[PDB]
Amino acid sequence: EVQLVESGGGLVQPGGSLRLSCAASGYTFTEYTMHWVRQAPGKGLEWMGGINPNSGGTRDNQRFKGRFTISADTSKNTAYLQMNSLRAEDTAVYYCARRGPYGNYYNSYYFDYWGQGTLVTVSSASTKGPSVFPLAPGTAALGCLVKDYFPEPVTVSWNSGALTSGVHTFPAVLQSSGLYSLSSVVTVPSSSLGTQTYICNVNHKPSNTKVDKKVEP
Amino acid sequence: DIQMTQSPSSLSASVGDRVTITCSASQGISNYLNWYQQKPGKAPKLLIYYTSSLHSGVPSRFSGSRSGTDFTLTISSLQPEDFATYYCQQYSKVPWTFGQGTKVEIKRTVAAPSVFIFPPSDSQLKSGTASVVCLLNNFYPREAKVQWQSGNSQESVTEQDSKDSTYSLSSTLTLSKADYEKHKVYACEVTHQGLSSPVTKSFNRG
């Protein structure tokens with residue numbers, strides 16, 4: 001079962017140089033062509049180019065020829081995108097994308113599987129991790145409150161993933177300070193409050209920090 | 001550099017209705033058009049390739065069509081989980097270009113917002129500020145107003161729900177240390193269509 005798992009996306013100073021990385025598994029890397037599609041926030045998708053892991057040869061886009069650079073590592077089943085001279089408009093979510101089906105079928109050529117995307121955000125400000133305070137509890141509705149972090153995104157889950165139904169992770173807001181902030185609530189049986197533990201995991205990958213806060217009443 | 005023009009920009013249909021998405025290539029291409037479905041939070045997902053053929057295991061209420069440079073995505077019968085943004089990609093002439101998107105929103109029957117309210121946490125109060133969180137949960141339609149007093153609260157709305165097509169709203173009221181402890185009773189006032197009378201949830205700081 002094919003999984004593409006990306007990483008690398010954080011803050012980059014305007015001018016600086018980041019490197020993202022797709023990490024493919026569940027098939028043979030050197031049989032398919034990875035690509036990179038980019039999507040600015042609220043916007044359309046933009047093709048970045050691709051690379052053939054088996055020949056190492058790169059399919060380019062002549063508006064990115066200069067700053068960007070695609071590549072791949074057979075040994076680690078990993079395809080990368082290097083990005084230099086970054087400017088405010090390069091902020092976007094960067095997806096990798098496999099291109100099936102097997103071969104070149106001349107009728108079938110599409111990005112079948114994709115990575116989950118990563119958020120490169122290029123701006124002068126500095127990184128800060130979030131501070132997580134709780135929103136303690138028929139039906140009871142608890143949550144936790146993520147506050148004062150930079151840059152987007154923070155990734156919230158509940159009971160480390162066991163709790164998916166009833167969750168609601170609101171979109172962040174920018175504060176006059178310049179740090180983001182969001183809330184994330186679930187609803188649960190009251191009768192279950194005494195006997196199930198509710199914990200929220202606020203993973204902030206642009207600073208390598210995950211804060212798990214336990215919500216009691 | 002072939003330029004895909006998608007219409008309409010965004011439409012609201014009803015569940016089981018039939019939705020038609022257009023996409024018009026700037027210059028001629030063959031059947032070389034792919035159809036992607038991107039859902040909020042997720043990466044784009046293929047549905048229809050070679051302009052009409054269904055990706056393995058895609059609900060066959062999905063069709064794609066072709067008349068000229070004009071391309072037509074057909075959700076025969078809209079479902080609440082089809083809330084998405086849909087994109088055409090052309091794979092005729094490099095560089096590959098996508099559409100601009102169409103946002104496909106679901107019109108359903110009115111729901112009223114279950115209201116909840118959250119005092120500031122002991123833990124947060126030491127920072128020097130306090131944040132009161134009014135939560136409206138699972139209402140439709142999206143219009144509704146929150147009243148605390150103003151200048152203070154930001155607010156935000158979950159995207160459309162993929163199961164009951166409802167919204168949700170997090171209005172957060174962030175005043176200061178001991179500006180909180182000055183006064184005593186906090187309440188958000190909620191006003192929404194499916195609620196006959198403007199509902200108010202409140203707590204006394206103590």
# chains A, B, ... in the order shown; residues from 1 in each chain; ligands from 1
>>> interface_residues(of="chain A", to="chain B", cutoff="8 Å", atoms="only C-alpha atoms", output="VMD selection string")
chain A and resid 43 to 47 61 95 107 to 117 133 to 136 141 168 to 173 183
>>> closest_residue(among="A:140, A:20, A:92, A:186", to="residue 71 of chain A", atoms="only C-alpha atoms")
A:20
>>> select_by_dssp(residues="chain B", states="alpha helix (DSSP H)", output="VMD selection string")
chain B and resid 179 to 182
>>> write_last_selection(atoms="N, CA and C atoms", output="short mmCIF file (atom, residue, chain, number, x, y, z; two decimals), in the first residue's frame")
data_model
loop_
_atom_site.label_atom_id
_atom_site.label_comp_id
_atom_site.auth_asym_id
_atom_site.auth_seq_id
_atom_site.Cartn_x
_atom_site.Cartn_y
_atom_site.Cartn_z
N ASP B 179 -7.96 42.37 34.16
CA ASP B 179 -9.09 42.89 33.41
C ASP B 179 -10.15 41.81 33.34
N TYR B 180 -9.70 40.56 33.38
CA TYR B 180 -10.61 39.43 33.52
C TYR B 180 -11.14 39.32 34.94
N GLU B 181 -10.26 39.46 35.93
CA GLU B 181 -10.62 39.32 37.33
C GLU B 181 -11.32 40.56 37.90
N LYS B 182 -11.36 41.67 37.15
CA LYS B 182 -12.17 42.81 37.55
C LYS B 182 -13.65 42.41 37.60
#
>>> select_by_dssp(residues="segment 12-198 of chain A", states="strand (DSSP E)", output="PyMOL selection string")
chain A and resi 12+18-25+34-39+45-51+58-59+68-73+78-83+92-97+118-122+131-135+139-149+155-158+168-169+173-174+180-189+198
